[PDB]
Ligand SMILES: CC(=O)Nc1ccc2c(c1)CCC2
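Consider the single chain below, provided in structure tokens and representing the form deposited without the ligand.
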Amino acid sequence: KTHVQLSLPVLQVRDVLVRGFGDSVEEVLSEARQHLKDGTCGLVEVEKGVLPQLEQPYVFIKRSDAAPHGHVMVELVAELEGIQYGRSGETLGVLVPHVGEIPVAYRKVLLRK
């Protein structure tokens, strides 16, 4: 399938144990895609002071359309030193490895894979 329905656990930034996917734009996008597929991907909602607590390069999920079965359609955009790789709509948050942190909520997304 071109799109996969996912429910992403929403993590508080201060709980997050692994704060990024790796060391290059290409690696973080690769790792983010693999974790999304394996159900080992969390979502941190972006607010004042959140991003400087995470590791660059960042992976964002961004709204790709204006929501089948409640799932917002999203795509991945990476950022490193203020340059983004990809072009999409509004940020739903920043992706991180999920390694068993207790979520505060779930974000239903339809991921273009």
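Residue indices: 1-based, along the sequence shown.
There is also a form deposited with the ligand bound; it is not shown, and the following applies to it.
This chain appears without its partner; in the deposited bound form, the one residue of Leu36, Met73, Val44, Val77 with a heavy atom within 4.5 Å of the ligand is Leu36.
Although the partner is absent here, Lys113 is a contact residue: one of its heavy atoms lies within 4.5 angstroms of the ligand in the deposited bound form. Contacts between 50 to 83 and the ligand, taken as any heavy atom within 4.5 Å in the deposited bound form, involve no residue at all.
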